[PDB]
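Colleague:
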Amino acid sequence: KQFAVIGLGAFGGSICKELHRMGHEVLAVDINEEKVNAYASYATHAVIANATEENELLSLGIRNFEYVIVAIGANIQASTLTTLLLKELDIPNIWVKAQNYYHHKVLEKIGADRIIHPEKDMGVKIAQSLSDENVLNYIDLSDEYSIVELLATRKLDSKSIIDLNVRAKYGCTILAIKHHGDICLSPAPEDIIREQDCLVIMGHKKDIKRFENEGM
Amino acid sequence: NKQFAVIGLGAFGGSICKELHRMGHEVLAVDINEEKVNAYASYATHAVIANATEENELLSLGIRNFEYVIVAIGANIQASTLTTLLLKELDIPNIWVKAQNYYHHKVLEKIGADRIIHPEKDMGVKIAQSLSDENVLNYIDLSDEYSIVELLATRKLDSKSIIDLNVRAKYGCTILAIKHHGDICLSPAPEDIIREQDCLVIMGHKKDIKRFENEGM
Amino acid sequence: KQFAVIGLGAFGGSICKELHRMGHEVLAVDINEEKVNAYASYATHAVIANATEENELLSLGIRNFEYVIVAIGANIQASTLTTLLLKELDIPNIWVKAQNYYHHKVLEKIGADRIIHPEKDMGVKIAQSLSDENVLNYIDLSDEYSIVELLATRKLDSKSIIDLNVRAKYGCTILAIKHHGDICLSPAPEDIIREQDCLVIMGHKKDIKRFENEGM
Amino acid sequence: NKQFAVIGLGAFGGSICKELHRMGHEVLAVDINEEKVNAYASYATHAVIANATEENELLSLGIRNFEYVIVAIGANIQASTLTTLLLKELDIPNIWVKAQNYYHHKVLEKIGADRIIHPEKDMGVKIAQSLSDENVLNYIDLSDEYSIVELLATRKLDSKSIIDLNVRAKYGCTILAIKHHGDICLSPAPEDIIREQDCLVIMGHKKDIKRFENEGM
Amino acid sequence: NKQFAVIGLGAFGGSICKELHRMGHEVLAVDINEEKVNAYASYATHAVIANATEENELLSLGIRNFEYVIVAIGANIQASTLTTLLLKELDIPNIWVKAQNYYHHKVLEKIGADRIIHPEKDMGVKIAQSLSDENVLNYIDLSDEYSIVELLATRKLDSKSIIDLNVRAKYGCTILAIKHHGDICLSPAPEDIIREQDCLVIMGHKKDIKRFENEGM
Amino acid sequence: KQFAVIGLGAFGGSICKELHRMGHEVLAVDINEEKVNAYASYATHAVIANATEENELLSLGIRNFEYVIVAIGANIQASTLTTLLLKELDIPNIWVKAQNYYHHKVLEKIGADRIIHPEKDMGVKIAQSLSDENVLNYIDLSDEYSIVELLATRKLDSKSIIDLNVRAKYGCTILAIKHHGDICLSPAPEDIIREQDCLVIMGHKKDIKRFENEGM
Amino acid sequence: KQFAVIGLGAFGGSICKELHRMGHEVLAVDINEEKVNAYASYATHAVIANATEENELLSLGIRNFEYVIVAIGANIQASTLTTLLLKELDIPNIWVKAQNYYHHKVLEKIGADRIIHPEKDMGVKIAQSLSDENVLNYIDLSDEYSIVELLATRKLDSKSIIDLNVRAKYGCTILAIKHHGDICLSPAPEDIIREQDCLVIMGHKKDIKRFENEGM
Amino acid sequence: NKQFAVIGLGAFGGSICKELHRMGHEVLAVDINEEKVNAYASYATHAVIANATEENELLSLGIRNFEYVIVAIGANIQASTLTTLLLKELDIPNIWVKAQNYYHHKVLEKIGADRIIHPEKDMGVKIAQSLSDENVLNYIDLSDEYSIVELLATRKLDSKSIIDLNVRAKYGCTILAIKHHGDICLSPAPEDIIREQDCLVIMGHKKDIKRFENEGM
Ligand SMILES: Nc1ncnc2c1ncn2[C@@H]1O[C@H](COP(=O)(O)OP(=O)(O)OP(=O)(O)O)[C@@H](O)[C@H]1O
Ligand SMILES: Nc1ncnc2c1ncn2[C@@H]1O[C@H](COP(=O)(O)OP(=O)(O)OP(=O)(O)O)[C@@H](O)[C@H]1O
Ligand SMILES: Nc1ncnc2c1ncn2[C@@H]1O[C@H](COP(=O)(O)OP(=O)(O)OP(=O)(O)O)[C@@H](O)[C@H]1O
Ligand SMILES: Nc1ncnc2c1ncn2[C@@H]1O[C@H](COP(=O)(O)OP(=O)(O)OP(=O)(O)O)[C@@H](O)[C@H]1O
Ligand SMILES: Nc1ncnc2c1ncn2[C@@H]1O[C@H](COP(=O)(O)OP(=O)(O)OP(=O)(O)O)[C@@H](O)[C@H]1O
Ligand SMILES: Nc1ncnc2c1ncn2[C@@H]1O[C@H](COP(=O)(O)OP(=O)(O)OP(=O)(O)O)[C@@H](O)[C@H]1O
Ligand SMILES: Nc1ncnc2c1ncn2[C@@H]1O[C@H](COP(=O)(O)OP(=O)(O)OP(=O)(O)O)[C@@H](O)[C@H]1O
Ligand SMILES: Nc1ncnc2c1ncn2[C@@H]1O[C@H](COP(=O)(O)OP(=O)(O)OP(=O)(O)O)[C@@H](O)[C@H]1O
Ligand SMILES: [Mg+2]
Ligand SMILES: [Mg+2]
Ligand SMILES: [Mg+2]
Ligand SMILES: [Mg+2]
């Protein structure tokens, strides 16, 4: 129930703001005074501290937190050393931001609980949108299977779900349609799709992509 | 097989370049750092050392040829800004740019950036939902209220059937898939069973899902 | 009636001193303490502040000023970001100093009310004096027409305005003559011109330049 | 067709070089930065990379050939100073130098600079008159007391004649020109009309003009 | 005649390289500083300028050929760390690394360093025993309790025999050697004499030796 | 009885900790505040001071100490100048850490009492272990003679000291055997040696090395 | 009677110490706090001040001093600007240290009362000692004439002034002989010169140098 | 025609080099800065870019050939120190070195510098005597008590004879020379006259001269 966020960068700042917005106890820690002041209004508490300094860590009472997030990026040494201190303080859950393949590996070795690559991961998602302008967002069930949110084109305007027989034609299933903000869940065969609506389809990627090539 | 130009081979842009090329697209990698160009040389169609703030070098790249130009310059906001400005004045159709903060976004907005992205900001949200709720593995939002969520089944859910968990009536949700031992099951029948540490895909309203988590899981 | 001058450089310093000299309420703002102290005696109020910091801007009560001048030069990012903050604070009149063609463009895009290029503009004026040692100062009515202040040579000593029939000979009109500090406005045909006096002529540039080549 | 040397291709000196050359004069652009030389190469007769504090490189430029040498070095006051000192000792006829502050002016004065210029200081004054008085577009001072001013006509002045506005008797001033829609009118007759957002050129004493502004406009 | 690679030609690694080569071993000296490579060129089998954090340059060295690779990078802990990480992933049998502090040791421990060394830390102890006890010249610890010590004989011990100093019965220790004027004596007989400023080698328990020092010396 | 340690680096830090552990009066001196704070708990007293500043030296009352250790490394000039000040303050025993051959020489010239090369010296010791994996630790009696601690191999398991007739076969003598932590001093001819035990041998290096080649 | 020394470097420090030693009122001014503290005991007053800052100059009451010495070296701009401020404060006597030929020239132009080149001047003196090991010290009366202090060699031991008929042989005159510290002024013809004594000779340089070549 | 090596072409060493060469001596100028070497190239017999802390480059200079080596390195005390140390170990006969402070002198003293010089310190004294006493132009000290001084004659001394000013009896001093309008007079007769703004050379005890100044001048 107690969260600590060390390193109030673009990543950690988002985490801190979002966690706090959910009504959780969040401690924001940063070496820069300007940052601390900025996120003071976004954290339960905001304290200036050097996280590579063990005494300051104890001063924070950091052992009390079940989750501690190290979102230090540019200074790879600081990121590494901070996590190490935390593990030696027997912190249950330590999530750390990684800068490259090698940074992930050392964090792996020293007992980080979960390592994240925000930029590397988003890069993939956006690339998928670049290659395929139709795709708005998606989630991968596996290497082969995914759920995709498509932006309906002119070709689909005023067409029905039975008209788009994705179950037989593409082996897929329509999960939702979003029109002008209104949402429809598990839509009936009588439901109509208009242009520039959001269409949620489920199935194998190649089957979905094929629906895009032929259908959309 | 469109033509992409990627300016700024950082953690973000690097991923884009590697991923775009992997799909078999024509991608030009451009960076001011010579060491980077060598590194991503094996991942791009062409890799060229260039300063994107330099108009002559920009024309030398033949940037007019590209329908999509990606500005993935982060740390140097002025360079990020100045690059986009040149690109807009070169009448590039689609200019996608990485933003560092709220104000960087606004300036990119004003000078006519086509798509602005906040990788860290967006991931912060995604990760935060997992921090607050260890059960959620991944998700997608259909709207402000409705979302599709991938759940990690607990001991509490072991060996239970979909008809036993009538989420359609009890929680107004629907199970979309179950992933067991790597094997995947789509549109599972009411007789299908769920075991612990499997991946469970549920669809519905946020509050309805969270309630299922508190009571079911 | 309320003026704010941010960035007390060579440009802003001149503005601040000159505005204050006219008896206007001027707030001088600079990140450098030495500057603030220096222009303290030249401003109504002088306050140390980082203009890229939004809270300090509100602390200044900058919304209260009808005119805010951003005279930050070297740090182009600061100049840009400051103006942006001001526009988002709905400041009526925002005048900003530009460093180059590109800086003008972004300031243009983000809603600057007037953009100025002090060095670029003066460069032209001085170049005109370099090419033509006779010219002291001028103003352009258009691309073709201008009013010019000439330094009278030996060729013009003790000559009259009717003797210099600029209305017929060059299609121009003499507006003023300055002798030893004494000024003459709308001078009569009987007025005499002595060497090293200031002569103010009006007409087309080529006609004026021709008067210089032939007359002076 | 005199010979000009321009040392310091900054915002100021750059303008000078571009403008002088545009008039068809022989201009030599000299700068310590190689990137600058390339940039202004297209705007100068000759463009040479050189350190103006280096006497041998100075002679290599053949600076003795120039009747006018412009020192437009600003930020580096020592370089600005040291360049002028060399030039004076090379018996250059006319040495014009950019000054950064009051004291820089004094030293340039003492070592025999022929013309010292304060671009920002001078513009500050010009701009300030427009800030305090939005009606004034541009102006020139005949003396400490008398000036010629270009005014932006308001709604209050729309469709009024010059004889209706007898500024010669009422304010002791004279209208010199009216600019309408780009079209220009010189020495306008008393029957000539002025419409809003036109350019109005008035001549007289400062207080007389300002009074006309308060009452007329 | 094993194969050694020495990364980091510092005070520590430099000594290693010089000493290993002196014994007639194949040693490859590798350093990022070009000046260093030249300096230790005369002390290594091969001397190559290389960045040990660069994987391609690492393979170029043929580091796989070496059974022993010594990371003697100190000041730059990230480089020290990153080098070891690469080496472990290249499946190098024995990787010995210099540590700067306690935490640097831990990370080296976790990523599978085979031997970690603390030269300054270890010497600090050795030197400290001489500071506190000027009589001890050098020593070796058999355990936490038992050690072998080299003592500097005082005036108090001059011309005394080993049978006169029955350290075996009186202190439970044994004299192992006496060094006189450079001449060395091993397993000295009970009749052997000790003169001042000679080197005396004693073996036993720490407290027993120190007591002999207080009473004997 | 009074010790001063100037320069709390890796070397000096070890000295300070070890001297203090022995229950000696130790004054830790460092220019860095973080260091001083760190070794505050390891020194009798810890004081921030610049040792190149003579007044601060007198302020420490440094004349009172019989032993002063200068463990400044990176800044060779500071190391040199500090020692010089100390000698001019007539300090009895001044021990100084050296960085290179040349630093030793100047310290030699200005009257340092003992000069130490920690890294250079350890380099030799470790190299001996690299070349000979059997060697754990050693001490040199001279250029030729040494006492060596060997790690017993399979070849020596369950063998006796008379079986290893080092007195006749190699002209050496066994001094101790360490088994599972238990130690044996001046071991009897009946004593057994098991694998991975610690074996202490005394004699000429070549004789010992030969025992390793043939015996072990 | 009032002296100010700005810039407590090697040059200014010597001046300040030497002037103060003579019992004069000396104000030491330096931007570096450590310097100020150091020369505090050597000045009547020692004050931290930036001499390029006009207000601090007035704060010192620098107009009160008849002599102000600017001994700023490395920062040529500071040296120049300081002197300029002083001249504009109408300081009677302004002595300034110069770094090069060009620095002398600008100081010349802005009204420095005396400009000094300590290093350049000493360089000559020492060079004269290098070329001629016999010369200890000297003073030039002109380009041709000088007074020289010579170190007597073996060739001159136990020789008399009439024996060294410098008035006829070399056209010179002996002014003094220094033996073991004892000094002799206007020495008589009976005075003896012993080896390694100090001999003071007056005349033309070439005549003196010739005496060295032939006599000494 | 001895052989001189000059390390450190600063204000001090530069003067030495120029002056030594002017007298027609073989002088080798050595400096780490390439720009300096070019500058003093015209003033030295040979001018070579070299790092004096580099032993190999030092031998490359053939520094053993020189009987005199001048270390005129100031700012970088470690380089100044390290250079001298190398030179002493190369058994150079006479090593003259510039000192920056008291402690730099001591270290140079200890490592066997043959002559140590304090240009600024020495000049400070000379200049100070002129500051306190505007009448003195230049001087030389015979000892702690006795000195020879060059005085600037005032109005008070105009048209006075040497017999009128019997400094030999009245002040125990002697006039050595009078310089008038550039013309010089040595061993002037008692009938010789002194006019204002001439140069007057007086010899004697410091207090005797100063007293003559107070009373005579
Ligand atoms: N030693 C430290 N202790 C605590 N906080 C630190 C330390 N070093 C850096 N930080 C903080 O961590 C924050 C994030 O670091 P930084 O912004 O350099 O990483 P980044 O790669 O830019 O991350 P992002 O991708 O989120 O922008 C910074 O705000 C910084 O103040
Ligand atoms: N003017 C320029 N011209 C060309 N390339 C540039 C320019 N400025 C920066 N870059 C390149 O852009 C790349 C991305 O910038 P950088 O990685 O510093 O941003 P970042 O905030 O760290 O992004 P990420 O979050 O992906 O780490 C850099 O590798 C740099 O080489
Ligand atoms: N972030 C900031 N907030 C407020 N003031 C700033 C900031 N950054 C710089 N300034 C101030 O703006 C002033 C002008 O900037 P600067 O002098 O570098 O521009 P410049 O190009 O030299 O302008 P000029 O042409 O007038 O000399 C400086 O005095 C500086 O103190
Ligand atoms: N020693 C030198 N030799 C030759 N060129 C020089 C030297 N020093 C500076 N310059 C050049 O002078 C140019 C003008 O200087 P700079 O632009 O820094 O002055 P500024 O105050 O910024 O002027 P502006 O107000 O025009 O921006 C610089 O572009 C620089 O390349
Ligand atoms: N990335 C790298 N690749 C190759 N060599 C490196 C790298 N980083 C550092 N080195 C080299 O490692 C050497 C040793 O590092 P350094 O001497 O700074 O450590 P140290 O703590 O000073 O060790 P010592 O105690 O021996 O002085 C340096 O000489 C440097 O040239
Ligand atoms: N002028 C000074 N006065 C006092 N202490 C100083 C001074 N300069 C440096 N020190 C201290 O000396 C300590 C050791 O110096 P440093 O660590 O740079 O040497 P090192 O070569 O790294 O030594 P080691 O081999 O022990 O790591 C540092 O902690 C530093 O704070
Ligand atoms: N702006 C300033 N105002 C006052 N004092 C200053 C200023 N800048 C420098 N100084 C002082 O002037 C002193 C002399 O300057 P510096 O030592 O750099 O010249 P230098 O060439 O080394 O002179 P020297 O030949 O005597 O060693 C320094 O102690 C410094 O603190
Ligand atoms: N390691 C080195 N090898 C060769 N030359 C060097 C080295 N270090 C310094 N020098 C040269 O010595 C010269 C003199 O040093 P520097 O002029 O900085 O001393 P300084 O105190 O300024 O002397 P001065 O009082 O004459 O100005 C410098 O020009 C520099 O080029
Ligand atoms: Mg990032
Ligand atoms: Mg400017
Ligand atoms: Mg070390
Ligand atoms: Mg000097």
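Residue numbers (the deposited numbering), protein chains in the order written: chain A, 7 to 222; chain B, 6 to 222; chain C, 7 to 222; chain D, 6 to 222; chain E, 6 to 222; chain F, 7 to 222; chain G, 7 to 222; chain H, 6 to 222. Quick reminder that beta carbons are idealized off the backbone N, C-alpha and C, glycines included.
Examine ligand 7 and report whether any of its heavy atoms sits within less than 7 Å of the Cβ of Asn61(G).
Modeller: For the purposes of this step, residue 61(G) is identified with residue 55 of the seventh sequence, where counting begins at 1. No, since every heavy atom of ligand 7 falls outside the 7 Å radius drawn around the Cβ of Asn61(G).
Colleague: From the DSSP output, read off the bridge partner residues of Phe9(G).
Modeller: Sequence index remark: in the seventh sequence, residue 9(G) carries index 3 (1-based). Partner(s): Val32(G), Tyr73(G).
Colleague: Provide the residue span of the beta strand (DSSP E) that contains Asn143(G), from first to last.
Modeller: Here residue 143(G) refers to the residue found at position 137 when the seventh sequence is read from its first residue. Looking at the DSSP string, the run of the beta strand (DSSP E) that includes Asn143(G) is 141-146.
Colleague: Sort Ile153(E), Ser166(E), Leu14(E), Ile198(E) by Cα distance to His185(E) and report the nearest one.
Modeller: To locate residue 185(E), count along the fifth sequence from 1; it is residue 180. Answer by Cα proximity: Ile198(E).
Colleague: Within 10 angstroms of the Cβ of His51(G), are there 16 or more other Cβ atoms? Answer buried if so, exposed if not.
Modeller: Start at 1 with the first residue of the seventh sequence, and residue 51(G) comes out as number 45. By the neighbour-count rule (16 or more Cβ atoms within 10 Å), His51(G) is not buried but exposed.
Colleague: Closer than 7 Å to a non-hydrogen atom of ligand 2 - does that hold for the CB of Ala84(C)?
Modeller: On the third sequence, position 78 is the one that residue 84(C) refers to. No.
Colleague: With a threshold of 8 Å between beta carbons, is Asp96(H) in contact with chain G?
Modeller: In the eighth sequence, the residue the question calls residue 96(H) occupies position 91. Not one chain G Cβ lies under 8 Å of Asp96(H).
Colleague: Straight-line CA distance for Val141(D) to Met208(D)?
Modeller: Taking the first residue of the fourth sequence as 1, we reach residue 141(D) at position 136. Taking the first residue of the fourth sequence as 1, we reach residue 208(D) at position 203. Taking the straight line joining both Cα atoms gives about 13 Å.
Colleague: Expressed to the nearest angstrom, what Euclidean distance is found between the alpha-carbon atoms of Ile12(E) and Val76(E)?
Modeller: Reading the fifth sequence from its first residue, position 7 is the one you call residue 12(E). Reading the fifth sequence from its first residue, position 71 is the one you call residue 76(E). Cα to Cα, the separation comes out at about 5 Å.
Colleague: On the criterion of 16 or more Cβ atoms from any shown chain inside 10 Å, does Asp36(G) qualify as buried, or is it exposed?
Modeller: Within the seventh sequence, numbered from 1, the residue matching residue 36(G) stands at position 30. The residue in question, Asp36(G), is buried, as its Cβ has 16 or more Cβ neighbours within 10 Å.
Colleague: Tell me whether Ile78(G) sits in a helix, a strand or coil according to DSSP, three-state version.
Modeller: On the seventh sequence, residue 78(G) is found 72 positions in, with the first residue counted as 1. Coil at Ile78(G), not helix or strand.
Colleague: Return the residue from the list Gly177(C), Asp149(C), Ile183(C) that minimises the CA-CA distance to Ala158(C).
Modeller: Walking along the third sequence from the start, residue 158(C) turns up at place 152. When each option's Cα is compared against that of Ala158(C), the closest is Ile183(C).
Colleague: Mind checking if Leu136(A) is an interface residue toward chain B, Cβ cutoff 8 Å exclusive?
Modeller: Taking the first residue of the first sequence as 1, we reach residue 136(A) at position 130. Cβ-Cβ to chain B under 8 Å: yes for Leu136(A).
Colleague: Could you tell me how far apart the beta carbons of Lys93(D) and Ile100(D) are, in whole angstroms, since I believe they sit closer than 8 Å?
Modeller: By one-based count along the fourth sequence, residue 93(D) stands at place 88. By one-based count along the fourth sequence, residue 100(D) stands at place 95. 6 Å between Cβ atoms; contact.
Colleague: In chain order, what residues of the same chain have a beta carbon less than 8 Å from the beta carbon of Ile168(B), not counting five sequence neighbours either side?
Modeller: Translated into the one-based positions of the second sequence, residue 168(B) becomes position 163. Same-chain partners within the cutoff: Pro195, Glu196.
Colleague: So, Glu218(D) versus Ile145(C), is the Cβ gap smaller than 8 Å?
Modeller: Within the fourth sequence, residue 218(D) is the residue found at index 213, counting from 1. Within the third sequence, residue 145(C) is the residue found at index 139, counting from 1. No, these two residues do not count as a Cβ contact at 8 Å.
Colleague: Grab the span of the alpha helix (DSSP H) containing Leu136(G) for me, first residue to last.
Modeller: One-based indexing of the seventh sequence puts residue 136(G) at position 130. Here the alpha helix (DSSP H) through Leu136(G) covers 124-137.
Colleague: With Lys161(A) as the anchor, note down where its alpha helix (DSSP H) starts and where it stops.
Modeller: Residue 161(A) sits at position 155 when you count from the first residue of the first sequence. Taken as a continuous stretch (DSSP letters only), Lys161(A) belongs to no alpha helix (DSSP H), as it is neither H nor E.
Colleague: Mind checking whether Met222(C) and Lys161(C) have CB atoms under 8 Å apart?
Modeller: Reading the third sequence from its first residue, position 216 is the one you call residue 222(C). Reading the third sequence from its first residue, position 155 is the one you call residue 161(C). Yes, Cβ-Cβ distance for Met222(C) and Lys161(C) is below 8 Å.
Colleague: If distances are taken between C-alpha atoms only, which option among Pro124(A), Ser192(A), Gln134(A) comes closest to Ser152(B)?
Modeller: Along the second sequence, one-based indexing puts residue 152(B) at 147. The residue with the shortest Cα to Cα distance from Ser152(B) is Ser192(A).
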